[PDB]
Each structure stands twice: as structure tokens, then as C-alpha cells.
file upload-v3.pdb (PDB, N, CA and C atoms)
ATOM      1  N   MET Z   1     136.025 103.391 167.786  1.00  0.00           N
ATOM      2  CA  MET Z   1     134.633 103.881 167.998  1.00  0.00           C
ATOM      3  C   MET Z   1     134.669 105.339 168.462  1.00  0.00           C
ATOM      4  N   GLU Z   2     133.572 106.037 168.332  1.00  0.00           N
ATOM      5  CA  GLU Z   2     133.529 107.465 168.763  1.00  0.00           C
ATOM      6  C   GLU Z   2     132.103 107.817 169.186  1.00  0.00           C
ATOM      7  N   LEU Z   3     131.193 107.841 168.254  1.00  0.00           N
ATOM      8  CA  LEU Z   3     129.779 108.168 168.593  1.00  0.00           C
ATOM      9  C   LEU Z   3     129.726 109.486 169.369  1.00  0.00           C
ATOM     10  N   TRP Z   4     129.816 110.598 168.692  1.00  0.00           N
ATOM     11  CA  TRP Z   4     129.748 111.904 169.405  1.00  0.00           C
ATOM     12  C   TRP Z   4     128.280 112.233 169.676  1.00  0.00           C
ATOM     13  N   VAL Z   5     128.012 113.232 170.478  1.00  0.00           N
ATOM     14  CA  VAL Z   5     126.594 113.590 170.793  1.00  0.00           C
ATOM     15  C   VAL Z   5     126.440 115.113 170.827  1.00  0.00           C
ATOM     16  N   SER Z   6     125.218 115.593 170.806  1.00  0.00           N
ATOM     17  CA  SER Z   6     124.966 117.072 170.834  1.00  0.00           C
ATOM     18  C   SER Z   6     124.272 117.437 172.164  1.00  0.00           C
ATOM     19  N   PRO Z   7     124.443 118.662 172.635  1.00  0.00           N
ATOM     20  CA  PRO Z   7     123.807 119.096 173.897  1.00  0.00           C
ATOM     21  C   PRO Z   7     122.295 118.817 173.863  1.00  0.00           C
ATOM     22  N   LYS Z   8     121.636 119.168 172.792  1.00  0.00           N
ATOM     23  CA  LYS Z   8     120.164 118.930 172.713  1.00  0.00           C
ATOM     24  C   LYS Z   8     119.868 117.434 172.870  1.00  0.00           C
ATOM     25  N   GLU Z   9     120.803 116.588 172.529  1.00  0.00           N
ATOM     26  CA  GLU Z   9     120.565 115.120 172.668  1.00  0.00           C
ATOM     27  C   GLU Z   9     120.860 114.702 174.111  1.00  0.00           C
ATOM     28  N   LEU Z  10     121.703 115.435 174.788  1.00  0.00           N
ATOM     29  CA  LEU Z  10     122.027 115.091 176.202  1.00  0.00           C
ATOM     30  C   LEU Z  10     120.935 115.656 177.113  1.00  0.00           C
ATOM     31  N   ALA Z  11     120.246 116.665 176.654  1.00  0.00           N
ATOM     32  CA  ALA Z  11     119.162 117.288 177.469  1.00  0.00           C
ATOM     33  C   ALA Z  11     118.018 116.292 177.722  1.00  0.00           C
ATOM     34  N   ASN Z  12     118.290 115.011 177.784  1.00  0.00           N
ATOM     35  CA  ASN Z  12     117.187 114.025 178.018  1.00  0.00           C
ATOM     36  C   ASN Z  12     117.685 112.847 178.863  1.00  0.00           C
ATOM     37  N   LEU Z  13     118.966 112.741 179.097  1.00  0.00           N
ATOM     38  CA  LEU Z  13     119.467 111.610 179.930  1.00  0.00           C
ATOM     39  C   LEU Z  13     119.220 111.961 181.413  1.00  0.00           C
ATOM     40  N   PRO Z  14     118.953 110.976 182.255  1.00  0.00           N
ATOM     41  CA  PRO Z  14     118.694 111.245 183.687  1.00  0.00           C
ATOM     42  C   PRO Z  14     119.903 111.934 184.339  1.00  0.00           C
ATOM     43  N   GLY Z  15     121.014 111.258 184.407  1.00  0.00           N
ATOM     44  CA  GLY Z  15     122.228 111.850 185.043  1.00  0.00           C
ATOM     45  C   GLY Z  15     122.414 113.299 184.587  1.00  0.00           C
ATOM     46  N   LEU Z  16     122.113 113.588 183.351  1.00  0.00           N
ATOM     47  CA  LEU Z  16     122.277 114.983 182.837  1.00  0.00           C
ATOM     48  C   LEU Z  16     120.929 115.725 182.956  1.00  0.00           C
ATOM     49  N   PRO Z  17     120.951 117.035 183.149  1.00  0.00           N
ATOM     50  CA  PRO Z  17     119.698 117.805 183.263  1.00  0.00           C
ATOM     51  C   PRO Z  17     118.821 117.564 182.026  1.00  0.00           C
ATOM     52  N   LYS Z  18     117.634 118.111 182.011  1.00  0.00           N
ATOM     53  CA  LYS Z  18     116.722 117.920 180.842  1.00  0.00           C
ATOM     54  C   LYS Z  18     116.832 119.122 179.902  1.00  0.00           C
ATOM     55  N   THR Z  19     117.769 120.002 180.156  1.00  0.00           N
ATOM     56  CA  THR Z  19     117.941 121.209 179.287  1.00  0.00           C
ATOM     57  C   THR Z  19     119.422 121.390 178.955  1.00  0.00           C
ATOM     58  N   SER Z  20     119.741 121.562 177.701  1.00  0.00           N
ATOM     59  CA  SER Z  20     121.166 121.745 177.310  1.00  0.00           C
ATOM     60  C   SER Z  20     121.781 122.874 178.140  1.00  0.00           C
ATOM     61  N   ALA Z  21     120.989 123.830 178.538  1.00  0.00           N
ATOM     62  CA  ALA Z  21     121.531 124.953 179.349  1.00  0.00           C
ATOM     63  C   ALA Z  21     122.260 124.392 180.569  1.00  0.00           C
ATOM     64  N   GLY Z  22     121.755 123.331 181.133  1.00  0.00           N
ATOM     65  CA  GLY Z  22     122.416 122.730 182.324  1.00  0.00           C
ATOM     66  C   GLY Z  22     123.584 121.854 181.871  1.00  0.00           C
ATOM     67  N   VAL Z  23     123.443 121.192 180.754  1.00  0.00           N
ATOM     68  CA  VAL Z  23     124.547 120.322 180.261  1.00  0.00           C
ATOM     69  C   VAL Z  23     125.754 121.187 179.898  1.00  0.00           C
ATOM     70  N   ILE Z  24     125.563 122.173 179.066  1.00  0.00           N
ATOM     71  CA  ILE Z  24     126.703 123.049 178.679  1.00  0.00           C
ATOM     72  C   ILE Z  24     127.241 123.752 179.927  1.00  0.00           C
ATOM     73  N   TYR Z  25     126.374 124.275 180.751  1.00  0.00           N
ATOM     74  CA  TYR Z  25     126.849 124.960 181.985  1.00  0.00           C
ATOM     75  C   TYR Z  25     127.628 123.960 182.841  1.00  0.00           C
ATOM     76  N   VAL Z  26     127.137 122.756 182.943  1.00  0.00           N
ATOM     77  CA  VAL Z  26     127.845 121.727 183.753  1.00  0.00           C
ATOM     78  C   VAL Z  26     129.074 121.240 182.981  1.00  0.00           C
ATOM     79  N   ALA Z  27     129.045 121.334 181.680  1.00  0.00           N
ATOM     80  CA  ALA Z  27     130.217 120.882 180.881  1.00  0.00           C
ATOM     81  C   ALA Z  27     131.476 121.561 181.414  1.00  0.00           C
ATOM     82  N   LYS Z  28     131.343 122.759 181.914  1.00  0.00           N
ATOM     83  CA  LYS Z  28     132.528 123.474 182.460  1.00  0.00           C
ATOM     84  C   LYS Z  28     132.955 122.805 183.768  1.00  0.00           C
ATOM     85  N   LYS Z  29     132.022 122.226 184.475  1.00  0.00           N
ATOM     86  CA  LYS Z  29     132.366 121.550 185.757  1.00  0.00           C
ATOM     87  C   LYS Z  29     133.279 120.353 185.468  1.00  0.00           C
ATOM     88  N   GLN Z  30     133.478 120.041 184.214  1.00  0.00           N
ATOM     89  CA  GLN Z  30     134.354 118.889 183.849  1.00  0.00           C
ATOM     90  C   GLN Z  30     134.990 119.165 182.486  1.00  0.00           C
ATOM     91  N   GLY Z  31     134.192 119.247 181.454  1.00  0.00           N
ATOM     92  CA  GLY Z  31     134.740 119.533 180.092  1.00  0.00           C
ATOM     93  C   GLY Z  31     134.947 118.228 179.320  1.00  0.00           C
ATOM     94  N   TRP Z  32     133.906 117.469 179.113  1.00  0.00           N
ATOM     95  CA  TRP Z  32     134.064 116.198 178.353  1.00  0.00           C
ATOM     96  C   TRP Z  32     134.652 116.515 176.977  1.00  0.00           C
ATOM     97  N   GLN Z  33     135.474 115.646 176.451  1.00  0.00           N
ATOM     98  CA  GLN Z  33     136.077 115.905 175.112  1.00  0.00           C
ATOM     99  C   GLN Z  33     134.981 116.345 174.135  1.00  0.00           C
ATOM    100  N   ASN Z  34     134.767 117.632 174.005  1.00  0.00           N
ATOM    101  CA  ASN Z  34     133.709 118.144 173.076  1.00  0.00           C
ATOM    102  C   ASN Z  34     134.358 118.691 171.799  1.00  0.00           C
ATOM    103  N   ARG Z  35     134.030 118.128 170.666  1.00  0.00           N
ATOM    104  CA  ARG Z  35     134.613 118.621 169.381  1.00  0.00           C
ATOM    105  C   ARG Z  35     133.734 119.748 168.830  1.00  0.00           C
ATOM    106  N   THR Z  36     134.327 120.717 168.180  1.00  0.00           N
ATOM    107  CA  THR Z  36     133.528 121.842 167.612  1.00  0.00           C
ATOM    108  C   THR Z  36     133.211 121.543 166.144  1.00  0.00           C
ATOM    109  N   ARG Z  37     132.141 122.092 165.635  1.00  0.00           N
ATOM    110  CA  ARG Z  37     131.775 121.849 164.208  1.00  0.00           C
ATOM    111  C   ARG Z  37     131.046 123.080 163.664  1.00  0.00           C
ATOM    112  N   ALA Z  38     131.702 123.837 162.826  1.00  0.00           N
ATOM    113  CA  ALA Z  38     131.070 125.060 162.256  1.00  0.00           C
ATOM    114  C   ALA Z  38     130.042 124.669 161.194  1.00  0.00           C
ATOM    115  N   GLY Z  39     129.058 123.896 161.554  1.00  0.00           N
ATOM    116  CA  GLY Z  39     128.037 123.492 160.542  1.00  0.00           C
ATOM    117  C   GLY Z  39     126.783 122.934 161.222  1.00  0.00           C
ATOM    118  N   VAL Z  40     126.919 122.351 162.381  1.00  0.00           N
ATOM    119  CA  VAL Z  40     125.726 121.778 163.063  1.00  0.00           C
ATOM    120  C   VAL Z  40     124.896 122.889 163.709  1.00  0.00           C
ATOM    121  N   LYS Z  41     125.330 124.117 163.613  1.00  0.00           N
ATOM    122  CA  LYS Z  41     124.545 125.220 164.230  1.00  0.00           C
ATOM    123  C   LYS Z  41     125.114 126.573 163.798  1.00  0.00           C
ATOM    124  N   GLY Z  42     126.206 126.980 164.391  1.00  0.00           N
ATOM    125  CA  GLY Z  42     126.829 128.300 164.037  1.00  0.00           C
ATOM    126  C   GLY Z  42     128.251 128.078 163.519  1.00  0.00           C
ATOM    127  N   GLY Z  43     129.102 129.058 163.666  1.00  0.00           N
ATOM    128  CA  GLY Z  43     130.503 128.912 163.179  1.00  0.00           C
ATOM    129  C   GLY Z  43     131.322 128.121 164.200  1.00  0.00           C
ATOM    130  N   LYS Z  44     130.690 127.633 165.234  1.00  0.00           N
ATOM    131  CA  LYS Z  44     131.435 126.850 166.262  1.00  0.00           C
ATOM    132  C   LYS Z  44     130.445 126.267 167.269  1.00  0.00           C
ATOM    133  N   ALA Z  45     130.046 125.039 167.075  1.00  0.00           N
ATOM    134  CA  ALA Z  45     129.084 124.400 168.020  1.00  0.00           C
ATOM    135  C   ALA Z  45     129.862 123.688 169.126  1.00  0.00           C
ATOM    136  N   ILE Z  46     129.245 122.753 169.800  1.00  0.00           N
ATOM    137  CA  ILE Z  46     129.956 122.020 170.892  1.00  0.00           C
ATOM    138  C   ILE Z  46     129.429 120.587 170.961  1.00  0.00           C
ATOM    139  N   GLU Z  47     130.088 119.669 170.309  1.00  0.00           N
ATOM    140  CA  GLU Z  47     129.633 118.251 170.351  1.00  0.00           C
ATOM    141  C   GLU Z  47     130.160 117.603 171.633  1.00  0.00           C
ATOM    142  N   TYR Z  48     129.786 116.375 171.894  1.00  0.00           N
ATOM    143  CA  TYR Z  48     130.264 115.677 173.132  1.00  0.00           C
ATOM    144  C   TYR Z  48     130.687 114.248 172.786  1.00  0.00           C
ATOM    145  N   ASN Z  49     131.869 113.857 173.174  1.00  0.00           N
ATOM    146  CA  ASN Z  49     132.329 112.473 172.869  1.00  0.00           C
ATOM    147  C   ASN Z  49     131.625 111.497 173.816  1.00  0.00           C
ATOM    148  N   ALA Z  50     130.821 110.619 173.280  1.00  0.00           N
ATOM    149  CA  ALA Z  50     130.083 109.647 174.137  1.00  0.00           C
ATOM    150  C   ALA Z  50     131.051 108.894 175.054  1.00  0.00           C
ATOM    151  N   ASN Z  51     132.233 108.604 174.588  1.00  0.00           N
ATOM    152  CA  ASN Z  51     133.205 107.858 175.438  1.00  0.00           C
ATOM    153  C   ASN Z  51     133.681 108.746 176.592  1.00  0.00           C
ATOM    154  N   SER Z  52     133.487 110.033 176.490  1.00  0.00           N
ATOM    155  CA  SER Z  52     133.934 110.950 177.583  1.00  0.00           C
ATOM    156  C   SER Z  52     132.808 111.118 178.613  1.00  0.00           C
ATOM    157  N   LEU Z  53     131.589 110.834 178.235  1.00  0.00           N
ATOM    158  CA  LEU Z  53     130.457 110.976 179.198  1.00  0.00           C
ATOM    159  C   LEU Z  53     130.602 109.910 180.305  1.00  0.00           C
ATOM    160  N   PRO Z  54     130.147 110.201 181.516  1.00  0.00           N
ATOM    161  CA  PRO Z  54     130.246 109.222 182.617  1.00  0.00           C
ATOM    162  C   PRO Z  54     129.542 107.916 182.219  1.00  0.00           C
ATOM    163  N   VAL Z  55     129.146 107.127 183.183  1.00  0.00           N
ATOM    164  CA  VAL Z  55     128.457 105.837 182.872  1.00  0.00           C
ATOM    165  C   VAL Z  55     126.941 106.042 182.902  1.00  0.00           C
ATOM    166  N   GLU Z  56     126.461 106.861 183.797  1.00  0.00           N
ATOM    167  CA  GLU Z  56     124.992 107.094 183.880  1.00  0.00           C
ATOM    168  C   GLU Z  56     124.480 107.617 182.537  1.00  0.00           C
ATOM    169  N   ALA Z  57     125.234 108.464 181.891  1.00  0.00           N
ATOM    170  CA  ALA Z  57     124.786 109.006 180.577  1.00  0.00           C
ATOM    171  C   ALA Z  57     125.095 107.991 179.476  1.00  0.00           C
ATOM    172  N   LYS Z  58     126.197 107.303 179.586  1.00  0.00           N
ATOM    173  CA  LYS Z  58     126.556 106.298 178.547  1.00  0.00           C
ATOM    174  C   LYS Z  58     125.422 105.281 178.403  1.00  0.00           C
ATOM    175  N   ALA Z  59     124.871 104.837 179.501  1.00  0.00           N
ATOM    176  CA  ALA Z  59     123.769 103.836 179.435  1.00  0.00           C
ATOM    177  C   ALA Z  59     122.522 104.466 178.813  1.00  0.00           C
ATOM    178  N   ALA Z  60     122.024 105.522 179.394  1.00  0.00           N
ATOM    179  CA  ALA Z  60     120.802 106.170 178.837  1.00  0.00           C
ATOM    180  C   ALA Z  60     121.093 106.701 177.433  1.00  0.00           C
ATOM    181  N   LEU Z  61     122.334 106.954 177.129  1.00  0.00           N
ATOM    182  CA  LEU Z  61     122.674 107.475 175.776  1.00  0.00           C
ATOM    183  C   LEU Z  61     122.307 106.431 174.719  1.00  0.00           C
ATOM    184  N   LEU Z  62     123.116 105.419 174.568  1.00  0.00           N
ATOM    185  CA  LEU Z  62     122.824 104.373 173.548  1.00  0.00           C
ATOM    186  C   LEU Z  62     121.393 103.856 173.710  1.00  0.00           C
ATOM    187  N   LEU Z  63     120.756 104.158 174.808  1.00  0.00           N
ATOM    188  CA  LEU Z  63     119.359 103.674 175.013  1.00  0.00           C
ATOM    189  C   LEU Z  63     118.416 104.394 174.039  1.00  0.00           C
ATOM    190  N   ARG Z  64     118.335 105.696 174.124  1.00  0.00           N
ATOM    191  CA  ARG Z  64     117.422 106.448 173.213  1.00  0.00           C
ATOM    192  C   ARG Z  64     118.013 106.506 171.801  1.00  0.00           C
ATOM    193  N   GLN Z  65     118.914 105.610 171.484  1.00  0.00           N
ATOM    194  CA  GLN Z  65     119.532 105.594 170.121  1.00  0.00           C
ATOM    195  C   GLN Z  65     118.910 104.458 169.305  1.00  0.00           C
ATOM    196  N   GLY Z  66     117.884 103.839 169.821  1.00  0.00           N
ATOM    197  CA  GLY Z  66     117.236 102.719 169.082  1.00  0.00           C
ATOM    198  C   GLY Z  66     116.924 103.152 167.648  1.00  0.00           C
ATOM    199  N   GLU Z  67     117.207 102.308 166.693  1.00  0.00           N
ATOM    200  CA  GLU Z  67     116.928 102.652 165.268  1.00  0.00           C
ATOM    201  C   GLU Z  67     117.703 103.912 164.872  1.00  0.00           C
ATOM    202  N   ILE Z  68     118.520 103.815 163.858  1.00  0.00           N
ATOM    203  CA  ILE Z  68     119.301 105.002 163.410  1.00  0.00           C
ATOM    204  C   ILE Z  68     119.767 104.779 161.969  1.00  0.00           C
ATOM    205  N   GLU Z  69     120.628 103.825 161.762  1.00  0.00           N
ATOM    206  CA  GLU Z  69     121.120 103.538 160.383  1.00  0.00           C
ATOM    207  C   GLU Z  69     121.686 102.116 160.341  1.00  0.00           C
ATOM    208  N   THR Z  70     121.818 101.552 159.170  1.00  0.00           N
ATOM    209  CA  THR Z  70     122.361 100.169 159.057  1.00  0.00           C
ATOM    210  C   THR Z  70     123.885 100.227 158.950  1.00  0.00           C
ATOM    211  N   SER Z  71     124.390 100.583 157.801  1.00  0.00           N
ATOM    212  CA  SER Z  71     125.868 100.661 157.624  1.00  0.00           C
ATOM    213  C   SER Z  71     126.190 101.582 156.446  1.00  0.00           C
ATOM    214  N   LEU Z  72     127.268 102.314 156.529  1.00  0.00           N
ATOM    215  CA  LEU Z  72     127.634 103.232 155.414  1.00  0.00           C
ATOM    216  C   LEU Z  72     129.022 103.818 155.665  1.00  0.00           C
ATOM    217  N   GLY Z  73     129.722 104.176 154.623  1.00  0.00           N
ATOM    218  CA  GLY Z  73     131.085 104.758 154.799  1.00  0.00           C
ATOM    219  C   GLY Z  73     131.880 103.923 155.803  1.00  0.00           C
ATOM    220  N   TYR Z  74     131.425 102.733 156.097  1.00  0.00           N
ATOM    221  CA  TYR Z  74     132.151 101.864 157.066  1.00  0.00           C
ATOM    222  C   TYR Z  74     133.168 101.003 156.316  1.00  0.00           C
ATOM    223  N   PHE Z  75     133.368 101.285 155.051  1.00  0.00           N
ATOM    224  CA  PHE Z  75     134.361 100.518 154.237  1.00  0.00           C
ATOM    225  C   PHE Z  75     134.305  99.032 154.588  1.00  0.00           C
ATOM    226  N   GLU Z  76     133.181  98.569 155.056  1.00  0.00           N
ATOM    227  CA  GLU Z  76     133.076  97.127 155.425  1.00  0.00           C
ATOM    228  C   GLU Z  76     134.207  96.768 156.391  1.00  0.00           C
TER     229      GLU Z  76
END
call {"tool": "encode", "arguments": {"input": "upload-v3.pdb", "output": "C-alpha cells"}}
result
Amino acid sequence: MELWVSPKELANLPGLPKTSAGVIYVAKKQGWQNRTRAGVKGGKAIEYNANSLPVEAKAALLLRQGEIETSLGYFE
């Protein structure tokens, strides 16, 4: 499993501030396994590994994830 996340998506969990500015700034206070992707924004964005987020965000995370997709590229 992986389920990565984006700063704009973290800017809504309680444990995390309501603005990515605080999440990215706080990201330095720890540095959750964040993968870069030269396509979700600029030549180098900053994703966040959901498994690296604490528990307070892990709970509220999958919470606002209601409805998303059924199954695909999952090779069954």
C-alpha cells in the first residue's frame, strides 16, 4: 500500500494546519517521506506518503477520501 497525498490535500486535516504553507513549513520539522513529481505542479512538487503521516492525520486523511475510484491498474 502507499496512498500518497499533496500539501493542498493536507491543508484540511485537524492535526495539520489548514494551509499548505504550514504543512510544508512544518514538513521540515520532521520531513515525512515526500516523493517529488515534475508534473503535479512544477518541475519538482512535494507529495506526502500517507504511511509517513502521524496518526491524527492518517485518520482524518482516509476520512475526507470518501468516494474516489473502484479499481484499475490493480492487475486484480
call {"tool": "resolve_selection", "arguments": {"input": "upload-v3.pdb", "expression": "the PyMOL selection byres ((chain Z and resi 35) around 6)", "output": "ChimeraX atom specification"}}
result
/Z:33-34,36-37,45-49
call {"tool": "atom_distance", "arguments": {"input": "upload-v3.pdb", "atom1": "atom CA of residue 56 of chain Z", "atom2": "atom N of residue 13 of chain Z"}}
result
9.5 Å
call {"tool": "axis_aligned_box", "arguments": {"input": "upload-v3.pdb", "around": "segment 50-60 of chain Z", "padding_each_side": "6 Å", "output": "JSON"}}
result
{"center_x": 127.4, "center_y": 107.5, "center_z": 178.6, "size_x": 25.1, "size_y": 19.3, "size_z": 22.6}
call {"tool": "resolve_selection", "arguments": {"input": "upload-v3.pdb", "expression": "the PyMOL selection byres (((chain Z and resi 11 and name CA) around 12) and name CA)", "output": "list in words"}}
result
residues 5, 6, 7, 8, 9, 10, 12, 13, 14, 15, 16, 17, 18, 19, 20, 21, 22, 23, 24, 25, 26, 57, 60, 61 and 64 of chain Z
call {"tool": "closest_residue", "arguments": {"input": "upload-v3.pdb", "among": "Z:58, Z:44, Z:30, Z:39", "to": "residue 3 of chain Z", "atoms": "only C-alpha atoms"}}
result
Z:58
call {"tool": "atom_distance", "arguments": {"input": "upload-v3.pdb", "atom1": "atom N of residue 75 of chain Z", "atom2": "atom N of residue 1 of chain Z"}}
result
13.2 Å
